[PDB]
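So the structure is just underneath, and the comments pick up after that.
Every residue, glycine among them, receives a Cβ derived from its backbone with ideal geometry; neighbour counts consider all protein chains shown. Read-outs: derived from the displayed coordinates by stated rules, not from any lab.
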Amino acid sequence: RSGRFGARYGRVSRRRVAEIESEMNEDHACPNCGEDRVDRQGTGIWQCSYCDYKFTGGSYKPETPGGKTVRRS
Amino acid sequence: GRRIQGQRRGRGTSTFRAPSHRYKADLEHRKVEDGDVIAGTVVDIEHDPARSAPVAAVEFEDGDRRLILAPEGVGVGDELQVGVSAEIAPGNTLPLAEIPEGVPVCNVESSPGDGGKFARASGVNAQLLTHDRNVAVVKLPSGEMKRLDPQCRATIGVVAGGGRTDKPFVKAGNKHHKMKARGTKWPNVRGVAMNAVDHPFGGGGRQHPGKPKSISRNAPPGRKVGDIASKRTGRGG
Amino acid sequence: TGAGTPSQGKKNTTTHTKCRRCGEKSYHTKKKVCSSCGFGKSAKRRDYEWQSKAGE
RNA sequence: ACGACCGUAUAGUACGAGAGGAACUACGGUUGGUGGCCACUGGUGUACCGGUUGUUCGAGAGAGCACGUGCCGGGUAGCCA
RNA sequence: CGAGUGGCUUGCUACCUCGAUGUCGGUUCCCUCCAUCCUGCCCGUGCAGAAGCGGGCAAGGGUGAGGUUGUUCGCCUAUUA
RNA sequence: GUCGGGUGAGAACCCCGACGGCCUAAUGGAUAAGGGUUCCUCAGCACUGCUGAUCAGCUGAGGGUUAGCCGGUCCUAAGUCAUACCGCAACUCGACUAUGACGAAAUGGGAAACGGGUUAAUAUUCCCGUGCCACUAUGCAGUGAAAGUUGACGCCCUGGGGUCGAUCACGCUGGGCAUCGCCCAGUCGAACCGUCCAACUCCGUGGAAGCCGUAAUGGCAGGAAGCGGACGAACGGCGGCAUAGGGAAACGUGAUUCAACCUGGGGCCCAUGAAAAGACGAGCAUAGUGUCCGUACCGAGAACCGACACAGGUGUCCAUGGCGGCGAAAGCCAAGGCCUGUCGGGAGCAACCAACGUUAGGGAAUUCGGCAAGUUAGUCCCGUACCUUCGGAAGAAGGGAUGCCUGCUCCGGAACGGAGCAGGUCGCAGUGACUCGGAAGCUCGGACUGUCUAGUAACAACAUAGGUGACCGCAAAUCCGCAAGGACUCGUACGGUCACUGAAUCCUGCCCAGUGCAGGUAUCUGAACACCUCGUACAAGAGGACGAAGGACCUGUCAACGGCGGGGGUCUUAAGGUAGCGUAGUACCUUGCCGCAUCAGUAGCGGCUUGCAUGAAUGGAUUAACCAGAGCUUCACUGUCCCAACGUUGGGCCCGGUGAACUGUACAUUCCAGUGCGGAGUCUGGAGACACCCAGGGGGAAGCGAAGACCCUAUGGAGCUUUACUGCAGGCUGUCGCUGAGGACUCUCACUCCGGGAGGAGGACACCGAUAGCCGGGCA
RNA sequence: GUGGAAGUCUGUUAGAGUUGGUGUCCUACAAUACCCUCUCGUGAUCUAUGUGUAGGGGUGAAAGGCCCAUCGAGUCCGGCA
Ligand SMILES: [Cl-]
Ligand SMILES: [Cl-]
Ligand SMILES: [Cl-]
Ligand SMILES: [K+]
Ligand SMILES: [Mg+2]
Ligand SMILES: [Mg+2]
Ligand SMILES: [Mg+2]
Ligand SMILES: [Mg+2]
Ligand SMILES: [Mg+2]
Ligand SMILES: [Mg+2]
Ligand SMILES: [Mg+2]
Ligand SMILES: [Mg+2]
Ligand SMILES: [Mg+2]
Ligand SMILES: [Mg+2]
Ligand SMILES: [Mg+2]
Ligand SMILES: [Mg+2]
Ligand SMILES: [Mg+2]
Ligand SMILES: [Mg+2]
Ligand SMILES: [Mg+2]
Ligand SMILES: [Mg+2]
Ligand SMILES: [Mg+2]
Ligand SMILES: [Mg+2]
Ligand SMILES: [Mg+2]
Ligand SMILES: [Mg+2]
Ligand SMILES: [Mg+2]
Ligand SMILES: [Mg+2]
Ligand SMILES: [Mg+2]
Ligand SMILES: [Mg+2]
Ligand SMILES: [Mg+2]
Ligand SMILES: [Mg+2]
Ligand SMILES: [Mg+2]
Ligand SMILES: [Mg+2]
Ligand SMILES: [Mg+2]
Ligand SMILES: [Mg+2]
Ligand SMILES: [Mg+2]
Ligand SMILES: [Mg+2]
Ligand SMILES: [Mg+2]
Ligand SMILES: [Mg+2]
Ligand SMILES: [Mg+2]
Ligand SMILES: [Mg+2]
Ligand SMILES: [Mg+2]
Ligand SMILES: [Mg+2]
Ligand SMILES: [Mg+2]
Ligand SMILES: [Mg+2]
Ligand SMILES: [Mg+2]
Ligand SMILES: [Mg+2]
Ligand SMILES: [Mg+2]
Ligand SMILES: [Mg+2]
Ligand SMILES: [Mg+2]
Ligand SMILES: [Mg+2]
Ligand SMILES: [Mg+2]
Ligand code: NA
Ligand code: NA
Ligand code: NA
Ligand code: NA
Ligand code: NA
Ligand code: NA
Ligand code: NA
Ligand code: NA
Ligand code: NA
Ligand code: NA
Ligand code: NA
Ligand code: NA
Ligand code: NA
Ligand code: NA
Ligand code: NA
Ligand code: NA
Ligand code: NA
Ligand code: NA
Ligand code: NA
Ligand code: NA
Ligand code: NA
Ligand code: NA
C-alpha cells in the first residue's frame with residue numbers, strides 16, 4: 001500500500017491510495033473465464049493471465065458502477 | 001505593464017503547445033457508404049497519451065486498421081460493428097435514432113458524420129432520452145439537455161477508464177508527468193504573487209487582489225482574470 | 001555562476017561564417033542568413049538609410 | 001615605579017551602663033602595576049628516542065609516504081608564565 | 001525669588017562641507033579635565049566609642065568581573081578601599 | 001629537486017645517467033566542439049616566454065594529412081527553408097494548405113576489415129597477408145517475390161549464458177634478491193569461414209484430482225512432471241584461418257569471480273516511452289567497377305572561450321591495474337606522464353601577516369550569537385523515551401566489544417566469500433593511520449522532496465499535492481494575429497480555461513449598505529439611421545415620435561473586494577467578532593503581572609490577558625515527519641575567554657634578474673595656541689628643528705578611490721497605480737451595406753458550416769465592411 | 001521468511017547546488033576567483049548536441065529574475081549638433 005510514502009502526505013492521501021490499490025490488485029474473476037486472474041496492465045487496461053483476455057475497464061477497478069449499468073439497459 | 005500569462009498562451013509557442021508528435025490517433029467514427037455491412041475485430045488495447053485512457057486497436061473487413069475511442073467492456077477478439085443496422089451492444093456505433101432510449105452512450109456527434117465530439121473523456125457518458133423524427137434529446141455529462149439530429153452517430157457504453165479522478169496525484173512529480181503530456185504550462189504562480197506589472201492582481205505589500213475578482217464579460221484580454229463573469233461566488237446562499 | 005568570465009567558456013558554437021555572397025563573416029550558419037548583405041533573406045542587397053547621417 | 005588592601009601584636013585594651021569596640025607603632029602576607037630572570041614548577045620543543053596502523057621496496061634487517069610529524073608515548077637545549 | 005558657570009543632553013539657527021569630512025553601540029590604544037567615588041591630609045557634627053553624616057585641600061594612583069538587552073542609558077548579582 | 005656529465009661565446013632551469021619526488025576518473029590513453037598549421041626537420045634569438053635559455057606553441061625556410069569496408073555522403077527527428085496559394089498600401093513581412101528541399105561527423109538509424117610491418121611527420125587510408133560488402137556483366141540455378149520479419153526503442157528489480165580483466169594451483173622461459181625462499185615479468189596469435197546452443201515459442205507422447213517450478217511471481221484435465229522433437233544466442237566454445245603473424249625464450253593447463261556481448265522472468269504509469277532510409281524474406285561461379293569531401297596537431301593550470309602561455313569555464317569513452325575496504329572512498333603503489341600549477345640566491349631566517357600544530361589550571365567567564373575551533377565517529381552485540389498521520393520518532397538515549405598468534409567449527413559448489421569457537425599473547429592506545437554522527441529538550445515558521453534574486457537576500461518568499469469558486473456543449477469558454485489565419489486540440493465537462501487558498505486532522509460564524517460581477521425590470525433615462533413637424537424653391541439647423549445595449553430601480557452573490565464599532569438597559573454604515581488563538585514575527589503602554597530557570601535572565605518557556613491595532617480558504621486552530629530557516633536550555637567539548645607561549649610551512653628582510661600602478665596647483669622639518677567661510681604643514685605669536693637613509697604599525701594631510709545613494713531644487717526622466725486629464729484598442733448594442741421570395745411569422749436563392757459525394761444543418765440571420773451609444777489603466 | 005517499493009535515508013561515486021567562515025583575494029589567478037565548511041545526489045534529477053520563442057515583445061515554481069560582463073523595458077546605427 002501507500003507505506004512507500006514514508007511519513008509524508010498525510011492520512012487521506014495514503015488512505016485512498018492504499019484502498020484504491022487494495023481493490024485494484026484484488027484476485028479479479030476474469031470475464032473471458034470465471035477464473036480470478038485479472039491484472040491491471042496500465043491506466044484502464046486489464047488482462048486475465050488465464051485466457052490472455054486484454055480488456056478495457058475503470059482506471060483502477062476492472063469494472064465501474066457505470067460500466068455495469070451499460071449491460072443492464 | 002507586460003502581457004499576462006493568458007496572453008502569452010495565445011501565441012502558441014513551444015511551451016504552450018501539446019506534444020502532438022507524440023499523440024497516437026485522432027479518434028473519429030468511420031465513414032461508411034451506407035448499408036452498415038462494416039464490422040471489425042478488436043486487435044489490441046492501447047493507452048491514449050492525449051486522454052490518459054484506453055483506446056482500442058481495431059481491424060476492419062476492408063483491410064482498414066484504425067484506433068478507436070474504447071468504451072468500457074471491450075477486449076481482444078470482440079467483434080464491433082458500425083452502421084445503421086449495427087447490433088445494439090457496447091462498442092458498436094449507430095445513429096441515435098437506431099438506439100433504444102435509456103441506454104448510456106459516448107463519443108456522440110454534434111453534426112452527423114463529424115466523427116464524434118461529446119462525452120469522450122474517462123468514465124463519462126451521455127444519456128439518450130427522447131426520440132422523434134427530427135430531434136433526439138441527449139443529456140450530456142455536464143447535465144445539459146442537448147437536442148440532436150437523430151442521424152448523429154454515437155457509441156454504446158460509458159467511456160473506458162472510469163474513476164481516474166478518484167485517486168489524488170499525491171505528489172507534484174505525478175502532476176508534472178501528467179502536465180508534460182498536455183498543452184498546458186505548469187506549475188501555476190498565483191497572480192496575487194506577482195508584481196503589478198505582471199498581473200492585474202500583482203503588487204502590494206501583502207498578497208491580495210487590488211479590485212474585486214469578478215470581472216465583466218466585456219473585459220479586454222490582459223484584464224479578464226479572476227472570476228470571469230461570475231453569476232455568483234462562494235458556497236453559502 | 002557568474003555571467004562573466006565563467007559563462008564565456010561554453011562558447012564553442014559556430015554561427016556567423018564567411019558569406020558566399022558578400023565575402024563578410026556574417027552568414028549565420030544556423031539561420032542561413034547574412035546579417036550584413038541579407039543573402040538568404042533578400043534577393044536585394046541589405047542596405048538602410050540609417051547607415052549614414054541623414055543629410056549624407 | 002610604585003598604588004591599595006587584609007592579617008597579627010597593641011587589645012577585648014582606650015571609650016562605653018551594656019552591646020559593642022578604636023588608634024600611634026611594629027610586624028606578616030595579598031592584590032594591581034612595573035622591570036628583569038629560567039635553579040625550581042609548567043607549556044613548547046614537525047632536535048631526538050620508543051610504540052604502532054595502511055602501503056611500497058620479495059621476507060628479514062632497514063627504509064619512503066599518509067601536509068608539510070600518519071598516529072600515539074616520552075622529551076634536551078632555548079624561548080617562555 | 002534673585003545672580004551666574006559649564007558646553008555632557010535637548011531644542012534653536014542654517015555659518016562650513018552635498019565633484020561624499022564613512023553611522024550608532026562595542027572594542028582596542030593613547031592623552032586630558034575636576035564639579036573627587038576610593039586612597040592622603042584636614043574642618044564641623046544632632047562628634048563617647050565603633051559605624052556614619054556634611055564640608056575643605058587634593059587629579060599621584062585606582063575605579064575591576066558578570067546575567068537580560070545591538071543598545072548608549074538602565075535594571076539586576078556577587079565581589080570591592 | 002640534487003650530483004655528475006653533454007653542447008655552447010654564454011647554461012639554476014636545453015640534453016644524458018644517477019639519486020629524489022609529483023600525478024591515479026588524472027598531470028594517463030582515445031576523442032567532440034572550437035583553434036588552424038600550432039604537427040616534423042633544419043637554421044636562429046630582434047619579438048614572444050612572469051628570471052635565463054644553446055630550448056620553444058616564438059622568428060625564417062622547407063616538408064608533412066593517401067581509405068569500396070573510419071567518418072561525411074543516404075534516412076528521417078524537434079523543426080527550418082524554397083515554390084504555389086492567400087494577406088498587406090507594399091515588401092527582404094505574414095499564418096494555413098499543397099509540393100519540393102533542408103535538418104544528426106563525439107551521441108539517432110546505417111551494406112562491408114582484421115593482423116603484422118613501415119615514416120622525422122600519415123596510416124582500419126601506405127606496404128605484406130588474409131577477409132568482407134554493394135553494384136554491374138557473363139554463366140548456371142530460380143520462377144519464386146510479397147505476406148511477413150527486421151530497422152525499432154520507457155523506468156525499476158532480477159535469473160541464466162559468457163569473453164577480457166583480476167586472482168588462485170601447477171609447469172615452462174627470463175629477470176631480481178641474497179641468512180631465508182621468496183618476489184616480478186612472459187608463457188601470444190585477429191577479422192573471417194564452418195560448426196555447437198542455452199533461453200523463449202511450439203509439436204508428439206504422457207496422464208498428474210495435488211503435484212511441477214522459481215531468486216521471486218507462479219503452472220496445470222482448456223492437460224502438470226517425465227520422455228522425444230521442431231524453431232532457435234553471444235563480440236561466446238570448438239575447427240580452420242596459422243610450418244600467417246609476433247616473441248630473446250617458453251611459446252602452459254585447470255579454476256573462481258566474471259565488464260563487454262547474448263538470452264530470460266517480474267514490477268510501475270491520471271507518465272505509455274521516434275521516424276524514415278535500408279535489410280531480411282530471395283542461390284551459386286567467374287570478372288569488372290567502387291568516383292567525390294574529411295584525415296596534420298592541440299583537445300587544455302601554454303594550441304578551445306575568457307584582451308594573457310588566465311588558479312575561471314569547456315561534452316564523450318577508458319568505472320575491471322595491485323594492496324585496502326562496503327566502495328568508482330581515504331591512504332600507499334604500478335603502467336603511462338611529469339619535475340612547465342615555470343624566476344632564483346642568502347640570513348636558526350627578527351617584528352608583522354597567511355595557512356597550521358601543541359598548550360598547564362579553569363571551561364563559553366568570550367561574543368549580538370559558541371562566530372571559529374573542538375568533541376563524536378567505522379563494524380557487531382545489548383538496549384531505546386515523549387510523541388505520531390502508525391510510515392515514523394531511531395544510529396533516540398545508554399552500555400559492552402574490536403589487535404595479533406595457534407588450532408578449529410558452522411553456512412555455501414566454492415571464493416584469494418561470510419558467521420563464529422578455544423587457547424596463547426603485546427601496547428598507554430587494536431575502526432591504532434586513514435576513513436569515520438557530538439547528543440538531549442522547549443518555542444516560532446513553512447506540511448514534505450522541490451523553486452529563487454547568474455554577481456551582498458536560499459528565507460517564513462515561489463511551487464506543490466489537497467481544498468474552493470468562476471466560465472464554457474466545442475461554429476464553446478480562454479487567448480494570439482492588421483489580414484490571410486493561429487494556440488488550446490490527434491483535446492470534449494472524470495474536459496480545460498480563469499482565479500484564490502495551500503498536506504493530513506478539527507473547523508471555517510455574522511454582513512449584500514458601498515464596490516464588483518450576474519439576473520430582472522411597470523415606469524424613468526438612453527445615440528445614430530430611417531420616419532413625422534418647422535425651416536430653406538434645396539441645404540445647413542430647430543423640434544417630435546420610436547427607443548438597443550447601458551444606467552435609475554429590484555433581486556442574487558462574500559471559499560467577490562472588503563467589514564465585524566460608539567453609546568445605553570439604540571446610532572453610523574450592512575452586520576457588530578462566533579470556534580479558536582492571544583503581550584503574538586500582530587501588544588503602543590512594556591523589561592505588562594505570576595511562575596520556571598540563573599548568584600543575577602529587556603532573553604526563552606508556561607499561565608493570566610481588557611487584544612494601542614488577533615480571528616476564520618484576506619483562511620482560524622492544531623499537528624507527526626522534514627529543514628545550510630528565527631529564538632532559548634542542558635550534557636559533552638574545547639586557546640572563544642582568563643592570558644598568552646612555543647613551534648611548523650609560505651612570505652616578510654638582504655643579494656642577482658625582471659619590472660608596473662595609484663597619485664602629483666605650488667611650496668613643504670614641524671609642534672602648541674590663536675586667527676580665518678565657524679575643522680590651517682603654508683596666516684599670527686611662540687616653541688622646536690643639522691642633512692640623508694633603513695624597518696614598522698597606520699595618528700594627520702577633514703589621505704586615495706566615486707561630479708552624494710540621504711535631503712531639497714528643476715514648469716528633468718522613467719517604471720508603476722487609480723473612481724486624475726485626455727485618448728486608443730477590445731467587448732456589448734442599434735443602424736446601413738452584402739440582402740432575396742412570401743410588431744409578429746413563413747420560405748430559399750445569396751452567405752456560413754457539416755458531409756468524399758449525393759446530400760444535411762443554418763439562412764437573409766451569422767460573417768465581413770461602415771457608423772452610432774455603452775463599458776473600457778488592457779494600452780498611450 | 002520471501003519480495004524490493006520510495007520526488008526514502010547515509011554518501012566530496014560521477015554529477016549538480018552554494019550555508020557559514022562575513023577567512024584568502026579585493027591595481028586579483030579571476031570585471032564574481034581560492035580554501036575549508038555545507039546541501040542534493042532514481043528524480044518536479046543532472047547533462048551534450050540540435051531546435052523553437054525577440055524587445056512594450058520573449059522567458060519567468062515570480063526575484064522585476066533572465067533575454068551574450070548590457071534589463072522597472074537588450075544591443076547597434078539613425079532621428080541627433
Ligand atoms: Cl490535471
Ligand atoms: Cl572522422
Ligand atoms: Cl527466472
Ligand atoms: K555633504
Ligand atoms: Mg479530433
Ligand atoms: Mg483537482
Ligand atoms: Mg508542455
Ligand atoms: Mg500556485
Ligand atoms: Mg515579489
Ligand atoms: Mg496593471
Ligand atoms: Mg496569504
Ligand atoms: Mg491573500
Ligand atoms: Mg547579462
Ligand atoms: Mg613526513
Ligand atoms: Mg577621513
Ligand atoms: Mg576642588
Ligand atoms: Mg594624571
Ligand atoms: Mg608552413
Ligand atoms: Mg615542435
Ligand atoms: Mg632546435
Ligand atoms: Mg539530409
Ligand atoms: Mg551515428
Ligand atoms: Mg602522429
Ligand atoms: Mg591523427
Ligand atoms: Mg603556464
Ligand atoms: Mg588549555
Ligand atoms: Mg556571556
Ligand atoms: Mg561580556
Ligand atoms: Mg561552526
Ligand atoms: Mg559446507
Ligand atoms: Mg581517530
Ligand atoms: Mg516570539
Ligand atoms: Mg519549506
Ligand atoms: Mg545573490
Ligand atoms: Mg537554502
Ligand atoms: Mg547566498
Ligand atoms: Mg507560501
Ligand atoms: Mg488547488
Ligand atoms: Mg483545483
Ligand atoms: Mg509572554
Ligand atoms: Mg468566511
Ligand atoms: Mg611660525
Ligand atoms: Mg553631485
Ligand atoms: Mg529618494
Ligand atoms: Mg514622469
Ligand atoms: Mg471548415
Ligand atoms: Mg499610464
Ligand atoms: Mg532522495
Ligand atoms: Mg546524500
Ligand atoms: Mg538546447
Ligand atoms: Mg519588489
Ligand atoms: Na496585490
Ligand atoms: Na552659560
Ligand atoms: Na547644540
Ligand atoms: Na567636497
Ligand atoms: Na564605534
Ligand atoms: Na587623583
Ligand atoms: Na549590563
Ligand atoms: Na562462432
Ligand atoms: Na579492489
Ligand atoms: Na624555468
Ligand atoms: Na531530495
Ligand atoms: Na454589500
Ligand atoms: Na452588492
Ligand atoms: Na479582520
Ligand atoms: Na530543501
Ligand atoms: Na591555537
Ligand atoms: Na597614517
Ligand atoms: Na523607473
Ligand atoms: Na512481507
Ligand atoms: Na563554497
Ligand atoms: Na524595448
Ligand atoms: Na542619435
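Any chance region B:181-198 includes a residue that's within 14 Å of chain A (Cβ to nearest Cβ) and within 30 Å of A:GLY44 (Cα to Cα)? Yes, region B:181-198 contains at least one residue that is within 14 Å of chain A (Cβ to nearest Cβ) and within 30 Å of A:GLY44 (Cα to Cα).
Listed here are the residues, each with its yes/no results for (1) within 16 Å of the chain's Cα centre (by Cα); (2) facing chain B (nearest Cβ under 8 Å).
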{"site": "A:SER13", "(1), (2)": "no, yes"}
{"site": "A:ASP27", "(1), (2)": "yes, no"}
{"site": "A:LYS54", "(1), (2)": "yes, yes"}
{"site": "A:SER59", "(1), (2)": "yes, yes"}
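Of all residues in region B:64-105, those satisfying the criterion of being β-branched (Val, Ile, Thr) and crowded, with 16+ Cβ neighbours inside 10 Å are B:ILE68, B:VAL74, B:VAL76, B:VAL82, B:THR93, B:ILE99, B:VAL103, B:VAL105.
Of all residues in region B:165-180, those that are surrounded by 13 or more Cβ atoms within 10 Å (Cβ to Cβ) have Cβ atoms under 6 Å from Cβ atoms of residues that are of a type outside the set (A, V, I, L, M, F, W, C) and not in a helix (DSSP H, G or I), 6 or more apart or on another chain, in B:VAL170/A:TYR9. Within region B:181-201, the presence of a residue that is without any contact (Cβ under 8 Å) to a residue 12 or more places away in the chain, among the small types (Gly, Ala, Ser) and over 30 Å from B:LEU27 (Cβ atoms) is excluded. Within region B:201-232, the set of residues being in contact with a strand residue (DSSP E or B) (Cβ under 9 Å, 6 or more places away or on another chain) and surrounded by 11 or more Cβ atoms within 10 Å (Cβ to Cβ) comprises B:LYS213, B:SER214, B:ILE215, B:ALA219, B:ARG223, B:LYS224, B:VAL225, B:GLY226, B:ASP227, B:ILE228, B:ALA229, B:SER230. When residues in region B:101-128 are screened for being hydrophobic (A, V, I, L, M, F, W, C), within 11 Å of chain A (Cβ to nearest Cβ) and under 13 Å from the mean Cα position of the chain (by Cα), 2 of them pass. Within region B:172-195, the set of residues being more than 16 Å from ligand 52 (Cβ to nearest atom), within 24 Å of A:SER13 (Cβ to Cβ) and part of a loop (DSSP other than H, G, I, E, B) comprises B:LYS180, B:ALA181, B:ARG182, B:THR184, B:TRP186, B:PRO187, B:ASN188. Applying the condition of being touching a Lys or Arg at 6+ places or on another chain (Cβ under 8 Å) and over 27 Å from A:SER22 (Cα atoms) to region B:164-186 and asking which residue is nearest to ligand 5 (Cβ to nearest atom) yields B:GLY183. Can you find a residue in region B:38-46 that is under 19 Å from B:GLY115 (Cβ atoms), under 24 Å from the mean Cα position of the chain (by Cα) and in a strand (DSSP E or B)? Checking region B:38-46: at least one residue is under 19 Å from B:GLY115 (Cβ atoms), under 24 Å from the mean Cα position of the chain (by Cα) and in a strand (DSSP E or B).
For region B:152-164, state whether one or more residues are more than 16 Å from ligand 52 (Cβ to nearest atom), surrounded by fewer than 12 Cβ atoms within 10 Å (Cβ to Cβ) and either closer than 17 Å to B:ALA97 by Cα or not basic (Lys, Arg) (or both). For region B:152-164, residues more than 16 Å from ligand 52 (Cβ to nearest atom), surrounded by fewer than 12 Cβ atoms within 10 Å (Cβ to Cβ) and either closer than 17 Å to B:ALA97 by Cα or not basic (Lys, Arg) (or both): absent.
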